[PDB]
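Everything below concerns the one structure shown next.
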Amino acid sequence: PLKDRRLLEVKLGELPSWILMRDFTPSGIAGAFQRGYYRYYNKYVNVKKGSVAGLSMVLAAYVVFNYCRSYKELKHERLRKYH
Amino acid sequence: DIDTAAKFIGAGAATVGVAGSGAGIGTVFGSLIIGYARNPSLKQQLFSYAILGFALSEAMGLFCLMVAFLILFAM
Amino acid sequence: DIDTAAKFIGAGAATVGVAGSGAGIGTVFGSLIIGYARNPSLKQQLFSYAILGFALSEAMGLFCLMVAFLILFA
Amino acid sequence: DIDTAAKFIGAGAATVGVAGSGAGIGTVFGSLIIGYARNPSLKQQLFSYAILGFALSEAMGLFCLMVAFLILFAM
Amino acid sequence: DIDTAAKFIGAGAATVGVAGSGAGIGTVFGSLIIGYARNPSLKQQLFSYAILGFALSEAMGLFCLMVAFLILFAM
Amino acid sequence: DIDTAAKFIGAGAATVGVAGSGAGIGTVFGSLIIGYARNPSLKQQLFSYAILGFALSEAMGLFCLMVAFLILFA
Amino acid sequence: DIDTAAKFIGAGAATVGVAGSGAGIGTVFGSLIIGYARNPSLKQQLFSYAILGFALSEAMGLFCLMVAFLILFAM
Amino acid sequence: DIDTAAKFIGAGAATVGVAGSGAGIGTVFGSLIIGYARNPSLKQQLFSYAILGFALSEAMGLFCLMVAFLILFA
Amino acid sequence: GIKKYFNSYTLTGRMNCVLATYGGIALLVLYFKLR
Amino acid sequence: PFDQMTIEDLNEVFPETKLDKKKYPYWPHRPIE
Amino acid sequence: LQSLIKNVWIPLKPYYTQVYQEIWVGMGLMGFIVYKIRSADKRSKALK
Amino acid sequence: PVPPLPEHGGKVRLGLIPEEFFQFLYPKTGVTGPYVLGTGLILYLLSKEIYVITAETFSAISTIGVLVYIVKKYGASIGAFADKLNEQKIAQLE
Amino acid sequence: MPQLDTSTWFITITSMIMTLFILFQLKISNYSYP
Amino acid sequence: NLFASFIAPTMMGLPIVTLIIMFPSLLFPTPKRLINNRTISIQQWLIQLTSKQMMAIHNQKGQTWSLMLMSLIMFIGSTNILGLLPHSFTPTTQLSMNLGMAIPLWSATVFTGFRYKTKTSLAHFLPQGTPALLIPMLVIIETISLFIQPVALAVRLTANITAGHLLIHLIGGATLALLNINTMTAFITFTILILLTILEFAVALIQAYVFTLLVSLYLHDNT
C-alpha cells in the first residue's frame with residue numbers, strides 16, 4: 001500500500017524500486033546522518049537513567065574506525081608469515 | 001657505529017634531568033606533612049596542592065626521558 | 001659521523017638544564033603548602049605568588065632544551 | 001667495540017638519578033622529625049604520608065635505573 | 001673537522017649553568033610566600049627585596065647561556 | 001683497547017650521586033637539632049628516625065658505589 | 001688542533017660552578033626576606049649580612065668562571 | 001695512551017661527589033644556629049650532634065675522593 | 001631632582017627610564033651594525 | 001509541570017528569573033556572586 | 001548558507017566585533033610566521 | 001510544550017551490544033547462537049591475523065579494566081548524584 | 001620528528017580555529033544558570 | 001618505528017584530519033528542555049562550578065572572556081583524554097596546533113595592555129622602586145622573559161603529552177618481549193602500565209587548567 005518503506009520491509013525483487021524511489025542529493029545525506037544520530041540519541045541517551053551503553057558504543061566505534069585507518073602500517077609485523 | 005655510541009652518550013647524559021623532580025617531590029611531601037601536623041583540619045586542600053606540584057615536577061622529569069628516547073630510537 | 005655525533009653529545013648534555021626547574025617548582029609548592037596552612041585566609045594571593053614563580057623557573061629550562069634542539073637540527 | 005664503550009658509559013652516567021631519591025628522602029624524614037616534635041599524636045597519619053614519599057621517590061629512582069638497565073646491553 | 005664538533009659540545013654542556021637560577025628562584029619565591037603570610041602589611045618592601053634577589057640570580061644564571069652563544073658564534 | 005678506558009670512565013662517573021646523601025643527612029640532622037631544641041622529650045624517638053634516614057640515604061649512595069664497582073670489574 | 005677541542009670541552013664544563021652561586025644567592029635572599037618579615041627593627045644590620053653572603057657566594061662562583069676564561073685564553 | 005686519559009677523566013669526574021657533602025655541612029650548621037637561638041642552654045648537645053653529622057658527611061666525601069685516588073693509581 | 005625625575009617607584013619615572021634604555025640600546029645597535 | 005517546560009517557559013512563568021541581555025550582554029549574562 | 005549564517009552569526013556577532021578585535025591580529029601574525037617557516041624549509045629542501 | 005522521557009531505554013547485554021539482536025535470532029537458534037557466532041567471528045579475526053597483537057593491545061586492556069572498575073564501583077552513586085541535582089533544582093525553584 | 005614535516009600545518013591550524021572559535025562557542029553558549 | 005602515531009593520517013589522498021578534531025564537539029551536547037538527562041546536568045554543574053572558582057579574581061572588564069577560557073579548557077581536556085585510547089590520534093602533539101592556539105591569545109592580551117594603560121604597561125617592565133644601581137640589567141630580563149611566554153606556554157603542553165604516549169608504547173612492547181621469556185615480569189610491567197595510564201588521565205587535565213590559568217592571569221595583569 002506504499003511506495004517507500006523501510007529498506008527491511010521492501011523485497012529483493014522490488015529492491016531496485018526502493019533504490020530508485022529514494023533520493024541521493026547531499027541534502028538527503030545530511031537528512032540521513034541526522035536521522036541516525038537522533039535515533040541513537042532519543043533511544044539510548046535522552047532517557048532519565050541513561051547508562052554506560054548509552055555512550056560506550058560510540059567510543060568502541062571510533063576505536064574500530066581508527067583501527068581500520070591503520071591497517072596498512074600493520075601488515076609489516078605479523079608474527080607468522082603464512083596465515 | 002660512532003654515531004651510535006654518540007647517541008648512547010647523549011642519552012646517558014640527558015638521563016639526569018630527573019633530580020630536580022626527585023627533590024621537588026621529597027620537598028613538597030615534607031612541606032605537606034608539616035602543614036598538616038600543625039593543622040590536621042584542611043587536609044583536603046593540602047593534598048590537592050601536593051599533587052598539583054607532583055605533576056608539575058614529573059612533567060619535566062618525563063620531558064628529559066622523552067628527549068632521551070627521541071634521540072635513541074628516532075634521532 | 002663525528003661532525004654530528006658531537007651534536008648528539010651536546011644535546012644529551014644540555015638536556016639536564018631543567019633539573020633546577022624541577023627543584024624550584026617542588027620547593028615553591030611546598031612553601032605554598034606551608035603559608036596556606038599558617039594563615040589559610042590568603043590562598044588567593046599566595047597562589048598568584050606561586051605560579052608566577054613556576055612560570056619563571058620553567059621558562060629558564062625550556063630555553064635550554066630549545067637550545068639543544070637548535071644545536072641538533074641547525 | 002665502541003658501542004660497548006658507549007653502552008657501559010650510558011649505564012654509568014645514567015645511574016645518577018638516585019640524587020633525586022636521596023635528597024627527597026632526607027627532606028621528607030626531616031619534615032617528619034619536625035612535625036612530630038611539635039605534635040606527638042597523629043604519628044600514624046604522618047608516617048603514612050612518610051611512606052608515600054619514601055616509595056614515590058624511590059619510584060623515579062627505579063625509573064631511571066630501569067632505563068639504565070634498558071639500554072645497558074639488551075637494546 | 002672535530003674542532004667544530006667539540007665547539008658544539010662545549011656550548012651544549014656549558015649552557016647547564018641555569019639550573020642554579022632555577023632552584024634559587026624557586027626557593028626565593030617560597031620564602032616570599034611565607035614572609036608575606038606572617039606580615040601582610042610589608043608587601044611593598046618585601047616585593048622589592050624579592051626582586052633584588054630574582055635579578056642577581058637570573059643574571060649570574062644567564063651568563064652561562066651568553067657564554068655558549070658567544071663561544072659558538074665567535075671565540 | 002678503547003672499551004677498557006670507558007670501563008674506568010664509567011665506574012668513576014657512577015658516583016656523582018652521593019650528593020643526595022650529603023644534602024639529605026644535612027637536612028636530616030638539622031631537623032633533628034631543631035626537634036630536640038623545641039621539645040627535648042623526644043630525644044630517642046627522633047634519634048631513631050634520624051638513624052633511619054641516615055641508613056636509607058647512605059644505602060642509596062653506597063649501592064650506587066656498588067654500581068660503580070660492578071662497572072669497574074665488568 | 002684537538003687541543004682546541006679539549007680546551008673548549010673543559011672550559012664549558014668547568015663553567016658549571018655558577019649553579020651553586022645562583023642557588024646560594026637565592027636561599028640567602030629567602031632567609032633574609034623571612035627574617036625581616038618578622039623583625040623590621042634591623043634593616044641595616046640585616047642588609048649588611050645579606051650583602052656579605054651575596055658577595056661570598058658570587059665569589060665562590062667567580063673563581064671558577066675566571067679560571068675557565070683563563071684556561072681558554074691561557075694554558 | 002688510552003688508560004692515562006681514561007683514569008684522568010674518571011677521577012676528574014668522581015671528584016664531584018663532594019658538593020653534596022659540602023652543602024650538607026652548611027645546612028646542618030644553619031640548623032644548629034636556629035636550634036641554639038631558640039634554646040640557648042643545650043649548646044653542648046646541639047654541638048655534639050652537629051659535629052657527628054659533620055664526621056659523617058666528610059666521611060662520605062672522603063670516600064668519593066679516595067675513589068679518585070685509586071683511579072689515579074688503579 | 002633627577003632621582004625624582006628618573007623615579008623608580010611611581011609610574012612616570014619608571015616609564016622614562018625604560019624608554020631611555022630602549023633608546024640607548026637602539027642607538028648602540030645601530031652604531032655597531034656598521035662594524 | 002517542570003519537566004515538560006523549557007527556559008522560555010520560565011521566562012513565561014517567572015520574569016524575575018530572566019537573564020536580561022542589557023546589563024550583561026555576555027555569557028553567563030550575569031556576574032559570579 | 002542562510003541556515004548557516006542564522007546559526008553562527010546571530011549569537012556570535014557581539015564577540016567577533018567588540019571583544020575579539022585583538023585576536024585576529026594575532027592570527028595574522030601566526031599566518032606570517034607559518035608562511036616564513038614553510039618557505040624556509042621549502043627552500044632548504046629544494047636545495048638538496 | 002515539550003514531551004517527557006522513558007525511565008530507561010533499550011536494555012543492553014554486556015553493557016555494549018543490544019539484546020534485540022538476540023531476540024531477532026531466537027527463532028532459528030534461540031539462545032546459544034549469537035554467543036558462538038561472536039566467538040567464531042573473533043577466533044577468525046585472530047587466526048588469519050586481521051588483528052595482529054602488539055603493545056597497544058595491552059594498553060587497551062589496561063584502560064578498559066580501569067574503566068570497568070570505575071563504573072562497577074561508582075555508577076549508581078553518580079546516578080543518584082545526578083537525580084539529586086535534578087530534584088534539588090526542582091525544589092530550590094519549587 | 002614528524003611534527004616538523006611542515007606540509008600539513010595549514011589544515012591542522014585552520015581546523016583547530018574552526019573548532020575552538022565556532023562549535024564550542026555555540027554549545028557552551030547555551031548552558032544555563034542555577 | 002614508533003613516531004608513526006604522530007604522523008598525520010589520511011586514509012587516502014583526502015583531507016581527513018579535520019574530523020579527528022571536531023569529533024569531541026558532540027560528546028558535549030546542548031540542552032533545549034529546562035531539565036534534561038544526566039550527561040548534560042553533570043557537565044552543566046561541572047561548568048558552573050569551575051567558572052565560579054577560576055573567574056573570581058578578574059575585574060569586571062576582564063570577565064568577558066569566560067566563554068573563551070572554558071571552551072579552550074573543555075576542548076583540550078577532551079582531546080587529551082580521547083587520545084589515550086588504543087589507536088587514537090592526539091591533534092595537540094602536532095606542535096603547529098599548539099602554536100596557533102597560544103600566540104593569538106598572548107598577543108591580544110599584550111595589545112589590550114598597550115592600547116590602554118600604556119604608561120602603566122610600560123611600567124610593569126620596572127618593578128617598583130628597585131635599586132637604581134641595576135635598572136638596565138632588570139629591564140632587559142623582564143623584557144626577554146616576556147616574549148618567552150607563548151613559546152613555553154605551548155611547548156610545555158606539547159611535549160608533556162607526547163612523552164606519555166611514547167612511554168606507554170615502549171613499556172607495552174617490552175612487556176610482550178619479556179612475555180617471550182617469562183610470566184611474572186609481564187605482570188610487573190602491566191601494573192606499571194596501569195599506574196602510568198592513571199597518571200596520564202591526570203596530566204591530561206592538569207595541563208588544561210595550567211594553560212587557561214596562565215592565560216587568565218596574563219589577562220589579569222594587562223587588562
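We label chains A, B, ... in the order they appear in the C-alpha cells, count residues from 1 in each chain, and number ligands from 1 in the order shown.
Here chain F was fitted onto chain H over its full set of C-alpha atoms, and the resulting RMSD is 0.8 Å.
Cα RMSD of chain E against chain B, computed after a least-squares overlay on all Cα atoms in order: 0.7 Å.
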Neighbours of chain I in chain E at 12 Å, counting only C-alpha atoms, as JSON, numbers by chain: {"E": [44, 45, 48]}
Selection from above, N, CA and C atoms, as a PDB file, in the first residue's frame, can you write it?
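What ended up in result_28.pdb:
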ATOM      1  N   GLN E  44      55.184  45.727  50.097  1.00  0.00           N
ATOM      2  CA  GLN E  44      55.929  46.575  49.186  1.00  0.00           C
ATOM      3  C   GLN E  44      57.427  46.329  49.310  1.00  0.00           C
ATOM      4  N   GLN E  45      57.964  46.687  50.477  1.00  0.00           N
ATOM      5  CA  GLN E  45      59.372  46.436  50.743  1.00  0.00           C
ATOM      6  C   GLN E  45      59.715  44.976  50.513  1.00  0.00           C
ATOM      7  N   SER E  48      60.136  44.316  46.846  1.00  0.00           N
ATOM      8  CA  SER E  48      61.347  44.973  46.363  1.00  0.00           C
ATOM      9  C   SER E  48      62.585  44.153  46.713  1.00  0.00           C
TER      10      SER E  48
END
What's the 12 Å shell around residue 1 of chain H, counting only C-alpha atoms, without same-chain residues fewer than 6 positions away, as a PyMOL selection string? (chain F and resi 1-2+4-5) or (chain H and resi 7-8)
Now that the selection is made, can you save its residues with N, CA, C and O atoms as a short mmCIF file (atom, residue, chain, number, x, y, z; two decimals), in the first residue's frame?
data_model
loop_
_atom_site.label_atom_id
_atom_site.label_comp_id
_atom_site.auth_asym_id
_atom_site.auth_seq_id
_atom_site.Cartn_x
_atom_site.Cartn_y
_atom_site.Cartn_z
N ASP F 1 93.01 -1.09 24.16
CA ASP F 1 91.55 -1.12 23.87
C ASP F 1 90.91 0.21 24.25
O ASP F 1 91.34 0.87 25.19
N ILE F 2 89.88 0.59 23.49
CA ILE F 2 89.11 1.77 23.83
C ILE F 2 88.13 1.46 24.96
O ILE F 2 87.98 2.24 25.90
N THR F 4 88.31 -0.62 27.36
CA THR F 4 88.97 -0.70 28.66
C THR F 4 89.08 0.67 29.31
O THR F 4 89.19 0.78 30.54
N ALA F 5 89.04 1.74 28.51
CA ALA F 5 89.02 3.09 29.06
C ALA F 5 87.63 3.42 29.59
O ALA F 5 87.47 3.81 30.76
N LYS H 7 91.78 7.16 33.22
CA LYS H 7 91.83 7.42 34.65
C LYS H 7 91.80 8.91 34.96
O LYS H 7 91.16 9.34 35.92
N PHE H 8 92.50 9.72 34.15
CA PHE H 8 92.48 11.16 34.35
C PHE H 8 91.05 11.65 34.51
O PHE H 8 90.67 12.24 35.53
#
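Nearest-residue note for chain C: choosing from B:5, B:42, B:10, B:68, the minimum distance belongs to B:10, counting only C-alpha atoms.
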Could you give me, as a PyMOL selection string, the residues within 12 Å of residue 25 of chain B, counting only C-alpha atoms and dropping anything in the same chain fewer than 3 positions from it? (chain B and resi 18-22+28-32+50-59+61) or (chain C and resi 22-30) or (chain D and resi 19-28+50+52-61)
Tell me, as a list in words, which residues lie within 10 Å of segment 52-55 of chain A, counting only C-alpha atoms; anything in the same chain fewer than 3 positions away does not count. residues 40, 41, 43, 44, 45, 46, 47, 49, 58, 59 and 60 of chain A; 9, 10, 11, 12, 13, 14, 15, 16, 17, 18, 68, 71 and 75 of chain L; 27 and 39 of chain N
Can you pull out every residue within 7 Å of segment 103-110 of chain N, counting only C-alpha atoms, but drop anything in the same chain fewer than 2 positions away, and send it as a PDB file with N, CA, C and O atoms, in the first residue's frame?
ATOM      1  N   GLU K  22      41.246  41.864  18.881  1.00  0.00           N
ATOM      2  CA  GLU K  22      42.665  41.813  19.170  1.00  0.00           C
ATOM      3  C   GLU K  22      43.275  40.442  18.951  1.00  0.00           C
ATOM      4  O   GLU K  22      44.503  40.320  18.950  1.00  0.00           O
ATOM      5  N   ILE K  23      42.453  39.410  18.765  1.00  0.00           N
ATOM      6  CA  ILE K  23      42.986  38.084  18.486  1.00  0.00           C
ATOM      7  C   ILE K  23      43.179  37.859  16.994  1.00  0.00           C
ATOM      8  O   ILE K  23      44.094  37.122  16.602  1.00  0.00           O
ATOM      9  N   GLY K  26      46.485  38.760  16.000  1.00  0.00           N
ATOM     10  CA  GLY K  26      47.433  37.736  16.382  1.00  0.00           C
ATOM     11  C   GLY K  26      47.427  36.578  15.408  1.00  0.00           C
ATOM     12  O   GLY K  26      48.467  35.989  15.110  1.00  0.00           O
ATOM     13  N   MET K  27      46.250  36.242  14.888  1.00  0.00           N
ATOM     14  CA  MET K  27      46.178  35.153  13.925  1.00  0.00           C
ATOM     15  C   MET K  27      46.846  35.544  12.617  1.00  0.00           C
ATOM     16  O   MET K  27      47.439  34.699  11.940  1.00  0.00           O
ATOM     17  N   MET K  30      50.364  34.921  13.239  1.00  0.00           N
ATOM     18  CA  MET K  30      50.558  33.481  13.142  1.00  0.00           C
ATOM     19  C   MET K  30      50.713  33.055  11.687  1.00  0.00           C
ATOM     20  O   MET K  30      51.577  32.234  11.350  1.00  0.00           O
TER      21      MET K  30
ATOM     22  N   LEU N  99      51.063  26.091  18.737  1.00  0.00           N
ATOM     23  CA  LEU N  99      51.490  27.461  18.460  1.00  0.00           C
ATOM     24  C   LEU N  99      50.318  28.331  18.035  1.00  0.00           C
ATOM     25  O   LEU N  99      50.175  29.473  18.498  1.00  0.00           O
ATOM     26  N   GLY N 100      49.477  27.813  17.143  1.00  0.00           N
ATOM     27  CA  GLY N 100      48.353  28.586  16.667  1.00  0.00           C
ATOM     28  C   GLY N 100      47.292  28.813  17.713  1.00  0.00           C
ATOM     29  O   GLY N 100      46.474  29.727  17.566  1.00  0.00           O
ATOM     30  N   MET N 101      47.289  28.005  18.761  1.00  0.00           N
ATOM     31  CA  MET N 101      46.371  28.216  19.867  1.00  0.00           C
ATOM     32  C   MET N 101      46.954  29.126  20.933  1.00  0.00           C
ATOM     33  O   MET N 101      46.202  29.752  21.683  1.00  0.00           O
ATOM     34  N   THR N 112      45.826  44.590  24.302  1.00  0.00           N
ATOM     35  CA  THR N 112      44.929  45.284  25.215  1.00  0.00           C
ATOM     36  C   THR N 112      45.697  46.016  26.300  1.00  0.00           C
ATOM     37  O   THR N 112      45.235  47.051  26.787  1.00  0.00           O
ATOM     38  N   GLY N 113      46.856  45.491  26.685  1.00  0.00           N
ATOM     39  CA  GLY N 113      47.679  46.135  27.688  1.00  0.00           C
ATOM     40  C   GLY N 113      48.445  47.342  27.210  1.00  0.00           C
ATOM     41  O   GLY N 113      48.795  48.203  28.023  1.00  0.00           O
ATOM     42  N   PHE N 114      48.728  47.425  25.911  1.00  0.00           N
ATOM     43  CA  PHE N 114      49.432  48.571  25.354  1.00  0.00           C
ATOM     44  C   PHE N 114      48.523  49.536  24.615  1.00  0.00           C
ATOM     45  O   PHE N 114      48.946  50.661  24.336  1.00  0.00           O
ATOM     46  N   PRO N 150      54.572  32.756  25.197  1.00  0.00           N
ATOM     47  CA  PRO N 150      53.855  31.793  24.349  1.00  0.00           C
ATOM     48  C   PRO N 150      54.660  30.562  23.999  1.00  0.00           C
ATOM     49  O   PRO N 150      54.101  29.456  23.956  1.00  0.00           O
ATOM     50  N   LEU N 219      45.752  37.926  31.517  1.00  0.00           N
ATOM     51  CA  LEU N 219      44.747  38.952  31.285  1.00  0.00           C
ATOM     52  C   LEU N 219      44.544  39.800  32.530  1.00  0.00           C
ATOM     53  O   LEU N 219      44.290  41.004  32.434  1.00  0.00           O
ATOM     54  N   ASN N 222      47.418  42.554  32.272  1.00  0.00           N
ATOM     55  CA  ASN N 222      47.349  43.524  31.190  1.00  0.00           C
ATOM     56  C   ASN N 222      45.923  43.877  30.792  1.00  0.00           C
ATOM     57  O   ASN N 222      45.664  44.144  29.610  1.00  0.00           O
TER      58      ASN N 222
END
Taking only C-alpha atoms into account and nothing else, which residues of chain F lie no more than 8 Å away from chain D? Please answer as a ChimeraX atom specification. /F:2-7,9-11,13-21,23-32,34-36,38-39,42,46,49-50,53,56-57,60-61,64,67-68,71
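Distance-wise, atom CA of residue 175 of chain N and atom CA of residue 58 of chain L end up 8.8 Å apart.
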Based on only C-alpha atoms, which of the residues in chain B come within 10 Å of chain M? I want them as a PDB file with N, CA and C atoms, in the first residue's frame.
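As a result, out_18.pdb now contains:
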ATOM      1  N   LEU B  70      63.609   9.968  22.223  1.00  0.00           N
ATOM      2  CA  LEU B  70      63.585  10.677  20.949  1.00  0.00           C
ATOM      3  C   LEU B  70      64.921  10.594  20.234  1.00  0.00           C
ATOM      4  N   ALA B  74      64.749   7.484  17.523  1.00  0.00           N
ATOM      5  CA  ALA B  74      64.248   8.227  16.374  1.00  0.00           C
ATOM      6  C   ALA B  74      65.070   9.483  16.118  1.00  0.00           C
ATOM      7  N   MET B  75      66.362   9.439  16.426  1.00  0.00           N
ATOM      8  CA  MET B  75      67.227  10.600  16.271  1.00  0.00           C
ATOM      9  C   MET B  75      66.639  11.814  16.982  1.00  0.00           C
TER      10      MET B  75
END
List every residue of chain L that has an atom at most 12 Å from any atom of chain M, and for each one report the closest atom pair and its distance in Å to one decimal, counting only C-alpha atoms, with rows sorted by chain and then by increasing residue number, as CSV.
residue,atom,partner,partner_atom,distance
L:85,CA,M:34,CA,10.4
L:86,CA,M:34,CA,10.8
L:88,CA,M:34,CA,10.2
L:89,CA,M:34,CA,7.3
L:90,CA,M:34,CA,10.5
L:91,CA,M:34,CA,11.8
L:92,CA,M:34,CA,9.2
L:93,CA,M:34,CA,9.3
Return the neighbours of chain B among the residues of chain N, cut-off 8 Å, counting only C-alpha atoms, as a VMD selection string. chain N and resid 1 3 159 to 160 163 to 164 166 to 167 203 206
Identify, with DSSP run on backbone atoms, the residues in chain L assigned to alpha helix (DSSP H), and express the list as an NGL selection string. :L and (20-29 or 34-47 or 55-93)
Per DSSP on the backbone, filter chain L down to the residues in strand (DSSP E) and report them as a PyMOL selection string. chain L and resi 12-13+17-18
Rounded to one decimal in Å, what is the spacing between atom CA of residue 128 of chain N and atom CA of residue 7 of chain I? 9.5 Å
Segment 5-8 of chain M surroundings by only C-alpha atoms, 12 Å radius, close-in-sequence under 4 positions cut, as a PDB file with N, CA and C atoms, in the first residue's frame:
ATOM      1  N   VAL K  34      54.007  31.192  10.040  1.00  0.00           N
ATOM      2  CA  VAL K  34      53.926  29.889   9.390  1.00  0.00           C
ATOM      3  C   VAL K  34      54.373  29.995   7.940  1.00  0.00           C
ATOM      4  N   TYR K  35      53.978  31.074   7.260  1.00  0.00           N
ATOM      5  CA  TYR K  35      54.452  31.299   5.902  1.00  0.00           C
ATOM      6  C   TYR K  35      55.968  31.329   5.870  1.00  0.00           C
ATOM      7  N   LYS K  36      56.563  32.128   6.754  1.00  0.00           N
ATOM      8  CA  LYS K  36      58.015  32.254   6.776  1.00  0.00           C
ATOM      9  C   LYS K  36      58.675  30.890   6.917  1.00  0.00           C
ATOM     10  N   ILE K  37      58.172  30.069   7.836  1.00  0.00           N
ATOM     11  CA  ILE K  37      58.879  28.835   8.160  1.00  0.00           C
ATOM     12  C   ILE K  37      58.690  27.802   7.059  1.00  0.00           C
ATOM     13  N   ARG K  38      57.470  27.685   6.532  1.00  0.00           N
ATOM     14  CA  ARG K  38      57.261  26.761   5.427  1.00  0.00           C
ATOM     15  C   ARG K  38      58.113  27.164   4.237  1.00  0.00           C
ATOM     16  N   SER K  39      58.232  28.469   3.990  1.00  0.00           N
ATOM     17  CA  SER K  39      59.082  28.934   2.904  1.00  0.00           C
ATOM     18  C   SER K  39      60.532  28.559   3.150  1.00  0.00           C
ATOM     19  N   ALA K  40      60.996  28.713   4.392  1.00  0.00           N
ATOM     20  CA  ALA K  40      62.384  28.394   4.699  1.00  0.00           C
ATOM     21  C   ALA K  40      62.682  26.925   4.449  1.00  0.00           C
ATOM     22  N   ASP K  41      61.823  26.036   4.947  1.00  0.00           N
ATOM     23  CA  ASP K  41      62.091  24.613   4.765  1.00  0.00           C
ATOM     24  C   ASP K  41      61.937  24.204   3.305  1.00  0.00           C
ATOM     25  N   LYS K  42      60.951  24.772   2.608  1.00  0.00           N
ATOM     26  CA  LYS K  42      60.815  24.532   1.178  1.00  0.00           C
ATOM     27  C   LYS K  42      62.098  24.918   0.456  1.00  0.00           C
ATOM     28  N   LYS K  45      65.044  22.352   1.354  1.00  0.00           N
ATOM     29  CA  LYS K  45      64.915  21.051   0.709  1.00  0.00           C
ATOM     30  C   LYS K  45      64.954  21.142  -0.806  1.00  0.00           C
TER      31      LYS K  45
ATOM     32  N   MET M   1      61.403  13.690  13.799  1.00  0.00           N
ATOM     33  CA  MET M   1      60.261  14.468  14.338  1.00  0.00           C
ATOM     34  C   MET M   1      59.238  14.776  13.256  1.00  0.00           C
ATOM     35  N   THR M  12      45.742  21.578   9.851  1.00  0.00           N
ATOM     36  CA  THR M  12      45.669  21.443  11.296  1.00  0.00           C
ATOM     37  C   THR M  12      45.268  22.762  11.936  1.00  0.00           C
ATOM     38  N   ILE M  13      45.981  23.835  11.593  1.00  0.00           N
ATOM     39  CA  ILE M  13      45.705  25.130  12.207  1.00  0.00           C
ATOM     40  C   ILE M  13      44.286  25.572  11.900  1.00  0.00           C
ATOM     41  N   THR M  14      43.913  25.539  10.621  1.00  0.00           N
ATOM     42  CA  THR M  14      42.613  26.069  10.233  1.00  0.00           C
ATOM     43  C   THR M  14      41.488  25.322  10.929  1.00  0.00           C
ATOM     44  N   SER M  15      41.625  24.004  11.051  1.00  0.00           N
ATOM     45  CA  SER M  15      40.584  23.209  11.682  1.00  0.00           C
ATOM     46  C   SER M  15      40.513  23.485  13.178  1.00  0.00           C
TER      47      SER M  15
ATOM     48  N   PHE N   6      52.217   9.811  15.462  1.00  0.00           N
ATOM     49  CA  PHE N   6      52.178  11.257  15.304  1.00  0.00           C
ATOM     50  C   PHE N   6      52.117  11.677  13.848  1.00  0.00           C
ATOM     51  N   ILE N   7      52.317  10.738  12.928  1.00  0.00           N
ATOM     52  CA  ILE N   7      52.207  11.040  11.511  1.00  0.00           C
ATOM     53  C   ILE N   7      50.772  11.426  11.195  1.00  0.00           C
ATOM     54  N   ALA N   8      50.607  12.461  10.390  1.00  0.00           N
ATOM     55  CA  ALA N   8      49.274  12.943  10.070  1.00  0.00           C
ATOM     56  C   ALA N   8      48.566  11.931   9.175  1.00  0.00           C
ATOM     57  N   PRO N   9      47.352  11.507   9.510  1.00  0.00           N
ATOM     58  CA  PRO N   9      46.694  10.444   8.752  1.00  0.00           C
ATOM     59  C   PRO N   9      45.771  10.982   7.675  1.00  0.00           C
ATOM     60  N   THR N  10      45.726  10.266   6.555  1.00  0.00           N
ATOM     61  CA  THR N  10      44.665  10.414   5.568  1.00  0.00           C
ATOM     62  C   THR N  10      44.457   9.051   4.932  1.00  0.00           C
ATOM     63  N   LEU N  14      43.034  12.510   0.728  1.00  0.00           N
ATOM     64  CA  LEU N  14      41.984  13.470   1.030  1.00  0.00           C
ATOM     65  C   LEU N  14      42.213  14.078   2.405  1.00  0.00           C
ATOM     66  N   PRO N  15      41.585  15.236   2.689  1.00  0.00           N
ATOM     67  CA  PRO N  15      41.806  15.920   3.975  1.00  0.00           C
ATOM     68  C   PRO N  15      40.928  15.422   5.119  1.00  0.00           C
ATOM     69  N   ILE N  16      41.345  14.365   5.815  1.00  0.00           N
ATOM     70  CA  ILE N  16      40.512  13.801   6.875  1.00  0.00           C
ATOM     71  C   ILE N  16      40.744  14.452   8.234  1.00  0.00           C
ATOM     72  N   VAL N  17      41.989  14.768   8.575  1.00  0.00           N
ATOM     73  CA  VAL N  17      42.374  15.005   9.962  1.00  0.00           C
ATOM     74  C   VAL N  17      41.554  16.122  10.591  1.00  0.00           C
ATOM     75  N   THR N  18      40.806  16.864   9.781  1.00  0.00           N
ATOM     76  CA  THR N  18      39.886  17.859  10.300  1.00  0.00           C
ATOM     77  C   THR N  18      38.608  17.244  10.846  1.00  0.00           C
ATOM     78  N   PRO N  91      45.500  15.352  18.252  1.00  0.00           N
ATOM     79  CA  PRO N  91      45.731  16.514  17.395  1.00  0.00           C
ATOM     80  C   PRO N  91      46.454  17.668  18.069  1.00  0.00           C
ATOM     81  N   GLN N  94      50.636  17.766  17.454  1.00  0.00           N
ATOM     82  CA  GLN N  94      51.051  18.480  16.261  1.00  0.00           C
ATOM     83  C   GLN N  94      51.401  19.899  16.684  1.00  0.00           C
ATOM     84  N   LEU N  95      52.684  20.108  16.990  1.00  0.00           N
ATOM     85  CA  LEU N  95      53.146  21.353  17.593  1.00  0.00           C
ATOM     86  C   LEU N  95      52.500  22.577  16.969  1.00  0.00           C
ATOM     87  N   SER N  96      52.235  22.527  15.669  1.00  0.00           N
ATOM     88  CA  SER N  96      51.671  23.682  14.990  1.00  0.00           C
ATOM     89  C   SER N  96      50.356  24.093  15.626  1.00  0.00           C
ATOM     90  N   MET N  97      49.512  23.119  15.946  1.00  0.00           N
ATOM     91  CA  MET N  97      48.238  23.445  16.571  1.00  0.00           C
ATOM     92  C   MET N  97      48.461  24.206  17.865  1.00  0.00           C
TER      93      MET N  97
END
Counting only C-alpha atoms, which residues of chain L come no farther than 12 Å from chain N, as an NGL selection string? :L and (1-8 or 53-67 or 70 or 75-76 or 78-90)
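Across the model, the gap from atom CA of residue 55 of chain C to atom CA of residue 16 of chain M is 25.5 Å.
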Show me, as a ChimeraX atom specification, every residue of chain N with an atom at most 10 Å from chain J, counting only C-alpha atoms. /N:31-36,48,51-53,55-56,60,63-67
